[PDB]
Amino acid sequence: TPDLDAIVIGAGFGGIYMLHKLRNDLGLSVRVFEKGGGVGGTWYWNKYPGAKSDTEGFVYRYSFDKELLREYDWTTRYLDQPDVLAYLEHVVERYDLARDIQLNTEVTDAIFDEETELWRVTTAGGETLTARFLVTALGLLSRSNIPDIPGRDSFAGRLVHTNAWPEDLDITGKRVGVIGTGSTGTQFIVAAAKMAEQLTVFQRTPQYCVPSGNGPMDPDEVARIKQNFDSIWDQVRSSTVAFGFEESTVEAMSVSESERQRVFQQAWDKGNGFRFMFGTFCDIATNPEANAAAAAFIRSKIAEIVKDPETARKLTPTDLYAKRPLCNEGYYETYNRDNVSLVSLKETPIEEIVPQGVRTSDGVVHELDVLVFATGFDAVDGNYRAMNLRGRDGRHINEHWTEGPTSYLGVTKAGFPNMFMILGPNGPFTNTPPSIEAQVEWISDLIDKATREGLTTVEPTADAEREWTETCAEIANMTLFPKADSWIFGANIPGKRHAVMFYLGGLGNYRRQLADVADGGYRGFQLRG
Ligand SMILES: Cc1cc2nc3c(=O)[nH]c(=O)nc-3n(C[C@H](O)[C@H](O)[C@H](O)COP(=O)(O)OP(=O)(O)OC[C@H]3O[C@@H](n4cnc5c(N)ncnc54)[C@H](O)[C@@H]3O)c2cc1C
Ligand SMILES: NC(=O)c1ccc[n+]([C@@H]2O[C@H](COP(=O)([O-])OP(=O)(O)OC[C@H]3O[C@@H](n4cnc5c(N)ncnc54)[C@H](OP(=O)(O)O)[C@@H]3O)[C@@H](O)[C@H]2O)c1
Ligand code: NA
Ligand code: NA
Ligand code: NA
């Protein structure tokens with residue numbers, strides 16, 4: 001007999017919904033452990049100025065409760081971090097979840113006992129307890145990456161990762177430096193430039209940024225959206241990327257030069273990064289000729305916006321437009337400000353961090369009060385590999401993942417009976433909440449099957465997981481995504497295996513894969529009584 005039916009790790013979008021399904025819908029005994037001082041995952045940690053959704057707010061939310069969709073108001077096209085946090089806090093209150101979420105509690109160990117067929121979980125605080133079912137909602141983008149830059153520990157000012165932004169820190173009138181120009185660094189740069197006396201950007205790799213088109217929402221437009229939510233969510237769940245817009249079915253090079261320009265400009269005017277990549281033409285990320293046309297359009301905008309030609313050059317990427325799409329309000333314009341400087345780490349790498357700032361290879365000491373690491377995450381597997389996470393034969397998860405992280409269907413792991421992952425490796429790459437709903441709902445159904453039928457273990461076969469890896473590889477290799485160095489294939493962390501870590505077939509196809517496996521008697525699972 002376990003202490004609980006189920007333990008859930010993480011209280012972001014993923015663990016919040018998982019706890020709701022298992023406790024409120026299935027009536028099981030459940031606890032969430034969250035290492036943070038508050039619920040909300042991403043939206044708890046990322047307190048930095050300019051932190052916001054790059055999915056439009058109308059579909060950056062749960063869908064599963066039709067009344068919550070009718071009730072809950074948003075006021076801006078994209079959701080600022082405090083607004084997302086307030087929404088998730090509202091969900092926790094609405095479903096009476098806080099009593100079963102244990103905060104400030106890091107899980108250090110999770111060990112499967114093959115004799116008892118129970119999971120034993122150990123906390124940093126030195127408590128252990130057992131559950132039949134373990135759900136890991138640890139976050140794809142949760143484990144902070146802070147590079148080992150020479151002299152980093154000598155800096156005498158405030159040095160923080162974006163994912164550790166402190167509530168107290170006011171950068172107004174300070175000299176601020178930021179390392180990184182992904183989605184986090186770039187939205188930070190736009191907000192920080194308005195506050196800091198001087199902002200120095202340390203850019204290793206420029207990315208292709210498009211407008212967000214952010215601004216206030218017409219309360220009548222919010223009302224109209226709520227009246228059409230059913231069709232909106234149907235289009236989301238059927239789509240590839242689930243961002244709430246109709247994906248193009250047109251091949252970029254099937255139309256005239258004049259029409260490509262018009263389509264690209266219309267998407268640029270409306271905003272959104274996923275709109276620019278998938279709302280224009282159907283083959284931006286698959287056809288190198290289409291990819292070149294999209295990239296060229298973005299480079300031409302950089303040249304128009306940025307007044308200093310050297311600054312324009314350092315901002316202009318020349319690589320494939322196949323990193324996750326970025327958007328911002330006023331990003332390139334920010335470099336026209338007198339108080340903003342751009343260091344290309346390609347031309348002048350960091351030599352040393354010193355007490356007073358950052359010295360680049362040109363010998364310049366960039367004097368800073370604050371140094372911000374917008375350096376991203378040990379993405380997908382980082383919080384798994386950091387855990388003493390052991391399956392059958394007492395093997396650590398690392399023993400299984402020597403060629404990169406693997407799963408069956410993104411949610412289960414061979415060797416790890418009764419363990420379910422929310423956004424485990426080799427799952428969908430979409431607007432996050434609807435992918436979380438597809439996984440939580442499916443995991444809920446399989447756990448309930450196990451309860452109703454008296455199963456002791458649910459586990460995928462080694463063969464099934466290997467076939468899933470090959471399915472993910474084939475789809476990935478039909479795209480340009482593997483030929484862009486980013487966190488998505490593990491290439492951002494020195495020493496990390498370069499490997500497929502997502503199913504890139506989209507939400508519609510992914511939901512079908514889950515449904516087909518469930519309807520076919522859980523094809524690839526051993527169900528033991
Ligand atoms: C500023 C920002 C904006 C974003 N905007 C968007 C967007 O608009 N659209 C989009 O699609 N995605 C967006 N993302 C991606 C985002 O990760 C997801 O949208 C979503 O919030 C992920 O929720 P999750 O529950 O899967 O993970 P997380 O929110 O990362 O929650 C995981 C939690 O698990 C906890 N945890 C991990 N390991 C342990 C352990 N061992 N013990 C205890 N607790 C543990 C962590 O502390 C964390 O709170 C954004 C990310 C950032 C940083
Ligand atoms: N607006 C939003 O909704 C939003 C905001 C936050 C983040 N996100 C989500 O979170 C993901 C992660 O974004 P992120 O910006 O946190 O991380 P990221 O995309 O991994 O960007 C990390 C940045 O740091 C740089 N960097 C890494 N190591 C470095 C080093 N040793 N020296 C110098 N520079 C270094 C990288 O340069 P290289 O390219 O050279 O490695 C890159 O510019 C996004 O892709 C998205 O899914 C979106
Ligand atoms: Na709040
Ligand atoms: Na500065
Ligand atoms: Na990548």
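All ligand and atom numbering here is 1-based and tracks the order in the structure. Sequential numbering from 1 along the given sequence is applied to the chain's residues. Just the heavy atoms: all of them, side chains too, but no hydrogens, waters or symmetry mates, feed the values below.
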**Message:** the Na ion (ligand 4) and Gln198: any N/O/S contact shorter than 3.0 Å?
**Reply:** yes
**Item:** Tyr48 neighbourhood, listing ligand 2 atoms whose heavy-atom distance to it stays under 4.0 Å
**Value:** 5 (C), 6 (C)
**Residue, atom name and distance, where the atom is the protein heavy atom closest to atom 43 (O) of ligand 2** = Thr181 N, 3.0 Å
**Request:** For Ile179, take its heavy atoms, then give the atoms of ligand 2 lying under 4.0 Å from any of them.
**Result:** 33 (C), 34 (N)
**Message:** Tell me if a side-chain donor or acceptor on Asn291 pairs with a main-chain N or O of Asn287 at a distance below 3.5 Å.
**Reply:** no
**Distance flag, aromatic centroids of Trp442 and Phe420, threshold under 6.0 Å** = no
**Prompt:** For atom 10 (O) of ligand 2, what is the nearest protein heavy atom, given as residue, atom name and distance?
**Reply:** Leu141 CD1, 3.5 Å
**Per-atom contacts of ligand 2 with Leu345, taking only distances under 4.0 Å to non-hydrogen atoms** = 33 (C)
**Request:** Before signing off on this row, confirm whether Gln207 and ligand 2 have an N or O atom pair separated by under 3.5 Å.
**Result:** no
**Prompt:** Closest non-hydrogen protein atom to atom 17 (O) of ligand 2, residue and atom name please, with distance?
**Reply:** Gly376 CA, 3.3 Å
**Prompt:** Hey, does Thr55 come in under 3.5 Å of ligand 2, counting only N/O atoms on both sides?
**Reply:** no
**Request:** Kindly check if the number of other-residue, nucleotide or ligand heavy atoms within 6.0 Å of CD (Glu251) is above 12?
**Result:** no
**Asked** Which of the atoms of ligand 2 are close to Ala374, meaning less than 4.0 Å from one of its heavy atoms?
**Response** 22 (C), 23 (C), 24 (O)
**Message:** For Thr186, is there any backbone N or O sitting under 3.5 Å from a side-chain donor or acceptor partner on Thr181?
**Reply:** no
**Message:** Does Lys323 form a salt bridge (charged side-chain N to carboxylate O under 4.0 Å, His left out) with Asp319? I'd like the steps, not just the answer.
**Reply:** CA-CA 10 Å; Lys323 294 181 179 75; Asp319 50 17; 3.2 Å; yes
**Message:** For atom 19 (O) of ligand 2, what is the closest protein heavy atom, and at what distance to 0.1 Å?
**Reply:** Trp487 CD1, 3.6 Å
**Message:** Under the criterion side chain to side chain contact (heavy atoms under 4.5 Å, CB included), I'd like the reasoning laid out for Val210 against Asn272: C-alpha separation, chi angles, the key distance, then a yes or no.
**Reply:** CA-CA 7 Å; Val210 308; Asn272 191 267; over 6 Å; no
**Asked** Which residue holds the protein heavy atom closest to atom 39 (O) of ligand 2, what is that atom called, and what is the gap in Å?
**Response** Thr205 CB, 3.4 Å
**Asked** Between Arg61 and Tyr87, is NZ or CZ placed under 6.0 angstrom from the six-membered ring centre and within 45° of the ring axis?
**Response** yes
**Asked** Any donor-acceptor pair under 3.5 Å linking the side chain of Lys496 with the backbone of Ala491?
**Response** no
**Minimum non-hydrogen distance to atom 28 (N) of ligand 2, winning option of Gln81, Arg324, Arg204** = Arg204
**Message:** So for ligand 2, is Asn492 a polar contact partner (N or O within less than 3.5 Å, distance only)?
**Reply:** no
**Request:** Would you mind listing which atoms of ligand 2 come within a distance below 4.0 Å of any non-hydrogen atom of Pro147?
**Result:** 28 (N), 29 (C), 30 (C), 31 (N)
**Request:** Say whether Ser53 and ligand 2 are in contact under the criterion: heavy-atom distance to a ligand atom below 4.0 Å.
**Result:** yes
**Request:** Would you mind telling me which of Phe13, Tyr78, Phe274 makes a ring-ring contact (aromatic ring centres under 6.0 Å, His included) with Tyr60?
**Result:** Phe13
**Prompt:** Is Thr184 touching ligand 2 with its side chain, its backbone, both, or neither, if touching means heavy atoms under 4.0 Å apart?
**Reply:** both
**Item:** Intermediate values then yes/no, side chain to side chain contact (heavy atoms under 4.5 Å, CB included), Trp401 and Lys413
**Value:** CA-CA 11 Å; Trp401 283 352; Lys413 179 66 194 86; 3.5 Å; yes
**Message:** Under 3.5 Å between any N/O of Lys323 and any N/O of ligand 2: does that happen in this structure?
**Reply:** no
**Request:** Identify, by atom number and element, the atoms of ligand 2 in contact range of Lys52, meaning under 4.0 Å from any of its heavy atoms.
**Result:** 1 (N), 2 (C), 3 (O)
**Complete:** atom 4 (C) of ligand 2 has as its nearest protein heavy atom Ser183 CB, 3.4 Å
**Request:** May I ask you to check if ligand 2 and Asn145 share an N or O to N or O distance below 3.5 Å?
**Result:** no
**Request:** May I ask you to list the atoms of ligand 2 that are less than 4.0 angstrom from any heavy atom of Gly180?
**Result:** 23 (C), 24 (O), 25 (C), 43 (O)
**Item:** Centroid separation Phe276 to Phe297 less than 6.0 Å
**Value:** yes
**Prompt:** For the side chain of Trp468 and the backbone of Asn426, is there at least one donor-acceptor N/O pair under 3.5 Å apart?
**Reply:** yes
**Message:** Less than 6.0 angstrom separating the ring centers of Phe64 and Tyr17, yes or no?
**Reply:** yes
**Asked** Is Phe377 in contact with ligand 2, taking contact as a heavy-atom separation below 4.0 Å?
**Response** yes
**Item:** Identity and separation of the nearest protein heavy atom to atom 1 (N) of ligand 2
**Value:** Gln187 NE2, 2.3 Å
**Prompt:** Mind checking whether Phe202 and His366 have parallel, tilted or perpendicular rings, split at 30° and 60°?
**Reply:** perpendicular
